[PDB]
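Novice: This is the structure I have questions about; it appears just below.
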Amino acid sequence: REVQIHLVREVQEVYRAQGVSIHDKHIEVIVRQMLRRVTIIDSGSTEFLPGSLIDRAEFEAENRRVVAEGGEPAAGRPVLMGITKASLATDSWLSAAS
Amino acid sequence: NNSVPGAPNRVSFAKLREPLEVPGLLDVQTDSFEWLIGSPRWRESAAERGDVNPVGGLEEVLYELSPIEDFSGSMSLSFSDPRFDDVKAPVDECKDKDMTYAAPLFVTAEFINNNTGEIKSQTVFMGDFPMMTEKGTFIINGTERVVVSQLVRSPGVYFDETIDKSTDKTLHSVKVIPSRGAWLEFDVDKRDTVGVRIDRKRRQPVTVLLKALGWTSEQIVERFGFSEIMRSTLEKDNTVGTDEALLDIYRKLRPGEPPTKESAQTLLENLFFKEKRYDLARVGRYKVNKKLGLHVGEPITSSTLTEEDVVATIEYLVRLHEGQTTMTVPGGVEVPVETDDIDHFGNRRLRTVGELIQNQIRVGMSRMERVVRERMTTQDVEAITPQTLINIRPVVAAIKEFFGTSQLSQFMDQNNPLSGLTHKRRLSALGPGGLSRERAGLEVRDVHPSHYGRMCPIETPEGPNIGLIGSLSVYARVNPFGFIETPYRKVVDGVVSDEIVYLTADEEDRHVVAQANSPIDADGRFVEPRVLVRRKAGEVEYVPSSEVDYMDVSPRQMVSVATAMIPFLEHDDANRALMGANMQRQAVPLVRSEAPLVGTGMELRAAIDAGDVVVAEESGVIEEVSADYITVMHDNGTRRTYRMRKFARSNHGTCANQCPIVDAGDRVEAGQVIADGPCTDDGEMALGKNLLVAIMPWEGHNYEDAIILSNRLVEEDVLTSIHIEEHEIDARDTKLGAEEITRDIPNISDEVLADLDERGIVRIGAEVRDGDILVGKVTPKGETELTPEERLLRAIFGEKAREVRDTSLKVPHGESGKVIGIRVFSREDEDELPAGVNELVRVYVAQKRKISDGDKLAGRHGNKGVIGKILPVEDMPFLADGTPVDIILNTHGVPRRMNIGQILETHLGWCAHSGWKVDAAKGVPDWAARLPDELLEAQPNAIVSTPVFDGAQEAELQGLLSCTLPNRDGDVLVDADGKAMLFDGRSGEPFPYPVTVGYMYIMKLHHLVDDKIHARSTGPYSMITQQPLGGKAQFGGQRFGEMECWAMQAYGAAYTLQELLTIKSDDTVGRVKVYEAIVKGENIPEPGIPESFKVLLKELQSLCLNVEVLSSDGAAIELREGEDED
Amino acid sequence: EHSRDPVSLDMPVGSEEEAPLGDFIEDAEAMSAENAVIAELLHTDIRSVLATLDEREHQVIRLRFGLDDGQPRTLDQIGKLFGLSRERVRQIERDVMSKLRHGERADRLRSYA
Amino acid sequence: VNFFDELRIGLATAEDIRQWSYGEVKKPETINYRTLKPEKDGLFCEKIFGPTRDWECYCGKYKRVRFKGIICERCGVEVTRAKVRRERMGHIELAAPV
Amino acid sequence: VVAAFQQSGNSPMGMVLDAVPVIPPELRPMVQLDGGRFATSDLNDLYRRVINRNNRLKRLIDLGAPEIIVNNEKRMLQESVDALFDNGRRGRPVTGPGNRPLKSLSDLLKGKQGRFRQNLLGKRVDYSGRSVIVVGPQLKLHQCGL
Ligand SMILES: [Zn+2]
């Protein structure tokens, strides 16, 4: 939450100082896509190799489900990416070609 | 003081006398070529400049090359003494006949035959050299070409330095830059491993290379005993020994080769002492000598780098790194120790036409001598003659390529005389041998304090090529080496002196330069105790009047030709003046030209030197004058006829006319103007008309830079312009048969062929429109498949097979107007047509364009605009005397853009038009004390001049506006403030408040609406991509980029986006179906799969990448499909 | 002309937005929809019109010309095949052309010229 | 119609390449120097890629659309739409793997 | 990488080719531009080298040339296929008449002038047109004068 406050405050401070104004949600829609990834340390029972970034949708729910069957949970902590890396990681090959 | 006899006397507000007259404006181009060909005039001029043994351009390229050996010394060839011959045909003939203005070049080669001893020498034809007409334009292949001078780094030594960030320690790096050869970067590192990096190879400490040069350890220590870092490096080096050093150098330079001592010596000599492999021009040697102060007295010789220079460089580097301010190399004078900057115009030379052509000839000669050397070493020796040795294919090929493809051989744009003149004065920075756009860092596009008087800072293209293209100032001159000089007049002791001396950037820094506007007593004494000055490096500060050493010549020294004719330029901003300068080169010549009421003194000289006007060569009396030619009877009894062209198409389309101004029986003095080319009136440049401007926002029709024009301009041809289009078609012999131009075409009515003449080409004076037939051309289709039913039809009627097709020239869409003239080149009469063609006819069609909505107008101060509306005359607001204002300008764009100059021009324009009479009964009013005594009274429609940076002051304008003469009705229209009471044209009641009125000089830019209009319902398509495109048959589609695609997505408009990409751009079956549905009443069908995707899929499969378009159930969809309509 | 080495389409032309010369090439051909309708109409019309004429003359047209097997038979050759003389073919063609320009044949075939 | 749920890209085994091809290219010739017609079994062969002009056959025996979808004995060129020349592919069967 | 192949959707045998495909002639047209001058795309040149060298090898292997000859020929064939799929990827690119590198098969997808970049640049639509604009104050907010 605090990093989200920082990013929105910093960007908005830049624009307002220059005169223009844009509503926050137009910036929050970006930081949301910038921040939806969880980094991992150890797999333990997860197929994906350690250190590989996995998004909440694939990580949190699947890991919880694997815990239900009996597999040990994997350790993951929030990570922040850039507008370039976030796209490259999840974009499809058609889009990534250009 | 008017230099040209027949000048229109325009009283000027100038208050400072100019000691130096403007030099020949286009001498930048002509002098360089005169040097190239070794013309007598250049040699005579070089006699005064102070050169004992000057050498021409060609006399240098083929002198240095000679003698050429055969690797054995038994055969040598030498040529020298190049001479030209009378040009084959005059300029006009070579322009009409599509020839190339040239002269044949002969050189005197001699063969020595060292073994036998007998010699053989005779002249050898070298090729037809493209000569330069008197106006500085090359007529290559019938098109006037101008080669723009180029800015390039000066070869030499540049003691660059940089400051480290992590260590905060200064790192110096000298970088020897020769004309051709290797680089010798002696960079010093925080590690103290001062090392060489020959050819950017792995860095090696300089001690190794120095020892490889043979310097003894004792000699190095004793000489460099005063440099601590040198000693530490010497004691820290690992590799030692001359033989070991050179072997290491040999391995580093060319690794993987036998490390033999003799091989290393050959490389060392081949790299530093070989006069062919490694070479710097005479300019480079001069710079190196001056920088290092070596052989300062010796004249420029032995271009190749010498070892004493290298050791001097290393001494300079170490001494600088110590921090010493001055150093003295033994055997030479002392020189200052300081870092150097490339952008400084002391280090950026100028290579004019002579230098550019000379290099191309050098490459041609280099190739030729390679062939002659091969032939000499292989051909027989007993009966070898130079003719059989010397070859001319490479030289002629080289010169032709330069004028046909080189980026520095550009189509001379002839929009108007000013555009031509400025193009010759250009200073391009990009091109071969120069920084490209991407490599050009922002640091080089900026202005430098060394541009003052050498290169105008205001005039430059506004587009991406900003800062890479400039222009010589008015007074700038190019010294023989290439550095741009600028006049100054010295001060012997605090007193100005008449004689002037030309100083370059290097000589400027040492001295101290005053300013022109600084007041001076009549006897030359500086009235003030301190005067504003320009110090060494862009620093300006007051100094005692005695310390001043140099003073400028005129305040207009820093401005180019275009910028020098913007009145009240001292009141505009740099941005506007830049746009004002760049739009005077886009004006279009009108039918009738009028000299501006207010304009600087540069109007007249720019017109005379532009070459548009014809000027009498010698004094005489005009015996007969006609609209075609004028003949002047000289005082020596010899007649001369001045043939002057009428309605001749320029390069860019605008017409060119020369109407004589003199009358029969009138004496004319030498140098006077005889006829006025385009954009000229009485011999002074006139790019536009005078319009009665009113500055107020009118009903929103002039909203945000739009303009409103009275209908008087349209109906009285005030701003009417002529434009000439050239259409050409050629008849070529095909495999099937020979194409022939003929009046008979298959299945066309006699009405469509009514205007065609007997020859099959439209007759002069026939008014054509978009689509009519200009040239009746039939091509043969005899050996083509004939349908069985079709040739049966031929037999049924007895109808002629008539296989011949009809590729008949037609007026491209949007063209019209009379057919002024037609030229037909026929090989049957031996007209020298290109190989493969027989008949080549070009038809010129002329249209007289008026001014309408969408055309661009603009003043001289960068106040652009587009004609928003053209109101009838009665709707325009009119002064109290019934005169309707001819144009209206919005007042919201004057203060924000900060070009108040145009307001000043309007005020002075009215005062010039009305005529004033300063009150003199009670003496000159205080504000008029400085006005010239002959400027106190002017008649109506008087012409006035306000030279840039020295002209009418604010006090003077305020005085004149209150002293204007009354109207013929006896009433003064404008009040003391310049505002007048206007009557509304529609309402009829006066506007509540007074409004500004005056005459502003308005040009007509070439961004006309008629050119910018496109529409495409359906037209020809591409072949590889299947996308719209058409050459004026259908205008062609407008790109729908990615940014437009984002906009459509943002709206959520999914159907519209699909149509714009699929149905009407690529989907071939879609395009046919939609056009059949629209023509009928049926609904437009659904789109298909874009052809772009299928191409991508069928080209991705070719790289051996199995690509499948899966569907639900994981089953591939067969993209190939075929359905037969109907 | 044979000695000429063909130019490459990938070469940029006049530095026009780095557009290869092949981009500007105009297909300006392959209007399959137009060709099919014209071919169907004209070929069927001539076949039907020839059928309305004398059937033997229809064979003469096919052989004199080659509507089926090519090889346009000359006057003497077609006379040999039909047993007639070389001089009879000219008159036969004169009759065919005269017939083709009258009646419904003209109404159908007035176009296609 | 236009349902393309997903799009797969995979390495093309040599068997696949033969399946795509409608023939084999066996000669380096491009076009005849007199007739300006694609040469037999050449890099522009009409037999492999397709007919040059719509509803032609390279012999003339099937110049009319009345015969369509028919492969000719004289030449083997399918009598069909000319734009099929833009989609049909051939393969060069190498004698040494690369 | 091994796991990537372990999914075994496609065997690793695809890395070595036994038959290269040729794009349809239309995508590499042989047009005769006006003036009797023939124009061809570089793809035709690159394919000719591959076909010619392969045919020579077929003839040469049948003849029974020594080992060095066949080895050199296969090296030429491999180099030609290398140039076809990517020119300039390795070594000095094969050059044209003006020392201009040939546009190989993969050069249609890479760089600013590629299929993917071109798709970004946009497609030239129909039923369009452009012209200068001039302010008209007599219009309503939902009108434009053509
Ligand atoms: Zn056939």
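In the structure tokens, the first chain shown is A, the next is B, and so on; residue numbers restart at 1 for each chain, and ligands run from 1 in the order shown.
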Just need the residues of chain E within 9 Å of chain D, counting only C-alpha atoms, so spit them out as a PDB file with C-alpha atoms, in the first residue's frame.
Specialist:
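Wrote it out as iface-v2.pdb, contents follow:
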```pdb
ATOM      1  CA  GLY E   9       5.062 -31.733 -28.462  1.00  0.00           C
ATOM      2  CA  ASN E  10       7.759 -31.506 -31.136  1.00  0.00           C
ATOM      3  CA  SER E  11      10.864 -33.668 -31.317  1.00  0.00           C
ATOM      4  CA  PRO E  12      14.323 -32.038 -31.430  1.00  0.00           C
ATOM      5  CA  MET E  13      14.780 -33.429 -34.957  1.00  0.00           C
ATOM      6  CA  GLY E  14      13.279 -30.212 -36.332  1.00  0.00           C
ATOM      7  CA  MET E  15      16.570 -28.432 -35.648  1.00  0.00           C
ATOM      8  CA  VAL E  16      18.118 -30.139 -38.713  1.00  0.00           C
ATOM      9  CA  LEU E  17      16.365 -29.796 -42.067  1.00  0.00           C
ATOM     10  CA  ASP E  18      15.969 -32.241 -44.941  1.00  0.00           C
ATOM     11  CA  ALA E  19      13.765 -30.014 -47.134  1.00  0.00           C
ATOM     12  CA  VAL E  20      13.529 -26.218 -47.081  1.00  0.00           C
ATOM     13  CA  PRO E  21      10.288 -24.594 -48.311  1.00  0.00           C
ATOM     14  CA  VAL E  22       9.999 -21.817 -50.888  1.00  0.00           C
ATOM     15  CA  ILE E  23       7.517 -18.968 -50.439  1.00  0.00           C
ATOM     16  CA  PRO E  24       4.961 -18.537 -53.237  1.00  0.00           C
ATOM     17  CA  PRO E  25       6.222 -16.482 -56.185  1.00  0.00           C
ATOM     18  CA  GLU E  26       3.768 -13.648 -55.537  1.00  0.00           C
ATOM     19  CA  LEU E  27       5.414 -12.747 -52.220  1.00  0.00           C
ATOM     20  CA  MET E  30       9.341 -10.950 -60.759  1.00  0.00           C
ATOM     21  CA  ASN E  44      14.902 -15.239 -55.869  1.00  0.00           C
ATOM     22  CA  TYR E  47      16.932 -19.534 -53.575  1.00  0.00           C
ATOM     23  CA  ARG E  48      18.857 -19.889 -56.840  1.00  0.00           C
ATOM     24  CA  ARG E  49      22.108 -20.346 -54.921  1.00  0.00           C
ATOM     25  CA  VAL E  50      20.548 -23.042 -52.733  1.00  0.00           C
ATOM     26  CA  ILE E  51      18.931 -24.903 -55.626  1.00  0.00           C
ATOM     27  CA  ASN E  52      22.005 -24.671 -57.845  1.00  0.00           C
ATOM     28  CA  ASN E  54      22.175 -28.650 -54.131  1.00  0.00           C
ATOM     29  CA  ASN E  55      21.812 -29.828 -57.734  1.00  0.00           C
ATOM     30  CA  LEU E  57      25.977 -31.810 -55.072  1.00  0.00           C
ATOM     31  CA  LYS E  58      23.423 -34.329 -56.348  1.00  0.00           C
ATOM     32  CA  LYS E  74      28.169 -29.654 -48.442  1.00  0.00           C
ATOM     33  CA  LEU E  77      25.146 -25.893 -49.288  1.00  0.00           C
ATOM     34  CA  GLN E  78      25.073 -25.245 -45.540  1.00  0.00           C
ATOM     35  CA  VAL E  81      20.909 -22.203 -46.419  1.00  0.00           C
ATOM     36  CA  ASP E  82      22.434 -20.046 -43.687  1.00  0.00           C
TER      37      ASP E  82
END
```
Novice: Using only C-alpha atoms and all ligand atoms, find each residue with an atom at most 6 Å away from ligand 1 and format the answer as a ChimeraX atom specification.
Specialist: /D:57-59,61,72,74-75
Novice: Could the residues in this selection be written to a file with N, CA, C and O atoms, as a compact mmCIF listing (two decimals), in the first residue's frame?
Specialist:
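Listed below is the output, selection11.txt:
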```txt
# COMPACT_ATOMS: atom_id res chain seq x y z
N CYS D 57 -3.96 -22.50 -68.78
CA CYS D 57 -3.48 -23.84 -68.53
C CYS D 57 -2.03 -24.09 -68.95
O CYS D 57 -1.52 -25.18 -68.70
N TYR D 58 -1.36 -23.11 -69.55
CA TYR D 58 0.00 -23.21 -70.07
C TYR D 58 0.04 -23.93 -71.42
O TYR D 58 1.10 -23.98 -72.04
N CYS D 59 -1.08 -24.48 -71.90
CA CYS D 59 -1.16 -25.08 -73.22
C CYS D 59 -2.23 -24.46 -74.10
O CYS D 59 -2.05 -24.42 -75.32
N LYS D 61 -5.50 -25.59 -74.06
CA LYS D 61 -6.62 -26.52 -74.18
C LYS D 61 -7.72 -26.25 -73.15
O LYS D 61 -8.81 -26.81 -73.29
N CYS D 72 -4.65 -30.61 -66.13
CA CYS D 72 -4.48 -30.93 -67.54
C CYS D 72 -3.37 -31.96 -67.73
O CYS D 72 -2.34 -31.91 -67.05
N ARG D 74 -1.55 -32.36 -70.51
CA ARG D 74 -0.42 -31.83 -71.27
C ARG D 74 0.60 -31.16 -70.37
O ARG D 74 1.81 -31.33 -70.56
N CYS D 75 0.15 -30.40 -69.37
CA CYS D 75 1.03 -29.63 -68.52
C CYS D 75 0.91 -29.95 -67.04
O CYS D 75 1.89 -29.81 -66.31
```
Novice: Identify all residues of segment 1-96 of chain D in strand (DSSP E or B) (DSSP on the backbone) and supply them as a VMD selection string.
Specialist: chain D and resid 8 to 11 24 31 38 70 to 71 78 to 79 90 to 93
Novice: Write a file of the just-selected residues containing N, CA, C and O atoms, as a compact mmCIF listing (two decimals), in the first residue's frame.
Specialist:
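That gives us selection.txt:
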```txt
# COMPACT_ATOMS: atom_id res chain seq x y z
N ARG D 8 -1.00 -21.37 -32.39
CA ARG D 8 0.14 -22.18 -31.98
C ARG D 8 1.28 -22.06 -32.98
O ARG D 8 1.05 -22.07 -34.20
N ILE D 9 2.50 -21.97 -32.47
CA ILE D 9 3.71 -21.93 -33.29
C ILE D 9 4.65 -23.02 -32.79
O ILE D 9 5.03 -23.02 -31.61
N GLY D 10 5.03 -23.93 -33.68
CA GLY D 10 5.86 -25.05 -33.30
C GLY D 10 6.86 -25.39 -34.39
O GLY D 10 6.67 -25.06 -35.56
N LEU D 11 7.93 -26.06 -33.98
CA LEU D 11 8.97 -26.46 -34.92
C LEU D 11 8.40 -27.38 -35.98
O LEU D 11 7.64 -28.31 -35.69
N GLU D 24 7.76 -30.10 -55.96
CA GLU D 24 9.18 -29.97 -55.68
C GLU D 24 9.81 -29.05 -56.71
O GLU D 24 9.54 -29.18 -57.91
N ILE D 31 12.53 -17.64 -65.46
CA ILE D 31 11.57 -17.41 -66.54
C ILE D 31 12.31 -17.49 -67.86
O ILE D 31 13.50 -17.19 -67.95
N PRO D 38 6.92 -18.65 -67.01
CA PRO D 38 7.66 -19.48 -66.05
C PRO D 38 8.05 -20.81 -66.68
O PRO D 38 7.27 -21.45 -67.38
N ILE D 70 -9.77 -28.68 -62.89
CA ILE D 70 -9.35 -29.80 -63.72
C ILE D 70 -7.86 -29.66 -63.98
O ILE D 70 -7.40 -28.62 -64.44
N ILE D 71 -7.11 -30.71 -63.67
CA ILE D 71 -5.68 -30.74 -63.94
C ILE D 71 -5.45 -31.31 -65.34
O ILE D 71 -6.00 -32.36 -65.69
N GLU D 78 -3.20 -26.93 -62.71
CA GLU D 78 -4.61 -26.83 -62.36
C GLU D 78 -5.21 -25.56 -62.95
O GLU D 78 -4.65 -24.47 -62.83
N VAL D 79 -6.37 -25.71 -63.60
CA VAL D 79 -7.09 -24.58 -64.16
C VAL D 79 -7.96 -24.01 -63.05
O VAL D 79 -8.99 -24.58 -62.70
N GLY D 90 6.15 -24.65 -52.35
CA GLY D 90 6.93 -25.80 -52.74
C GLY D 90 8.14 -25.96 -51.83
O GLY D 90 8.42 -25.10 -50.99
N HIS D 91 8.85 -27.07 -52.02
CA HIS D 91 9.99 -27.39 -51.17
C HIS D 91 11.16 -27.86 -52.01
O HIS D 91 10.98 -28.48 -53.07
N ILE D 92 12.36 -27.58 -51.53
CA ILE D 92 13.60 -28.02 -52.15
C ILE D 92 14.13 -29.19 -51.33
O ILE D 92 14.54 -29.01 -50.17
N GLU D 93 14.14 -30.38 -51.92
CA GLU D 93 14.53 -31.59 -51.20
C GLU D 93 16.05 -31.72 -51.26
O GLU D 93 16.61 -32.13 -52.28
```
Novice: Please return, as a PyMOL selection string, all residues of chain A lying within 10 Å of chain E when only C-alpha atoms are considered.
Specialist: chain A and resi 94-98
Novice: For residue 85 of chain A, please output as an MDAnalysis selection string all residues within 12 Å (counting only C-alpha atoms; exclusion window: fewer than 6 positions along the same chain).
Specialist: chainID A and resid 33:37 53 79 91 96
Novice: Selection from above, N, CA and C atoms, as a CSV table (one decimal), in the first residue's frame, can you write it?
Specialist:
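Result went into part.csv, see below:
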```
chain,number,residue,atom,x,y,z
A,33,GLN,N,-1.1,-2.8,-12.9
A,33,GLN,CA,-0.5,-3.8,-13.8
A,33,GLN,C,1.0,-3.8,-13.5
A,34,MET,N,1.6,-2.8,-12.9
A,34,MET,CA,3.0,-2.8,-12.6
A,34,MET,C,3.4,-3.7,-11.4
A,35,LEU,N,2.4,-3.9,-10.5
A,35,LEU,CA,2.7,-4.5,-9.2
A,35,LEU,C,2.1,-5.9,-9.0
A,36,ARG,N,1.4,-6.4,-10.0
A,36,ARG,CA,0.7,-7.7,-9.8
A,36,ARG,C,1.6,-8.9,-10.1
A,37,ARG,N,2.7,-9.0,-9.3
A,37,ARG,CA,3.6,-10.1,-9.4
A,37,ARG,C,4.2,-10.4,-8.0
A,53,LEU,N,9.4,-15.2,-11.1
A,53,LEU,CA,8.3,-14.3,-10.8
A,53,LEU,C,7.0,-14.9,-11.2
A,79,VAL,N,6.7,-8.3,-5.3
A,79,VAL,CA,7.8,-7.6,-6.1
A,79,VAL,C,7.1,-6.6,-7.0
A,91,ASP,N,3.2,-10.9,-21.9
A,91,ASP,CA,2.7,-10.7,-23.2
A,91,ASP,C,2.8,-11.9,-24.1
A,96,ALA,N,4.8,-9.6,-28.4
A,96,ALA,CA,6.2,-9.5,-28.1
A,96,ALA,C,7.1,-9.4,-29.3
```
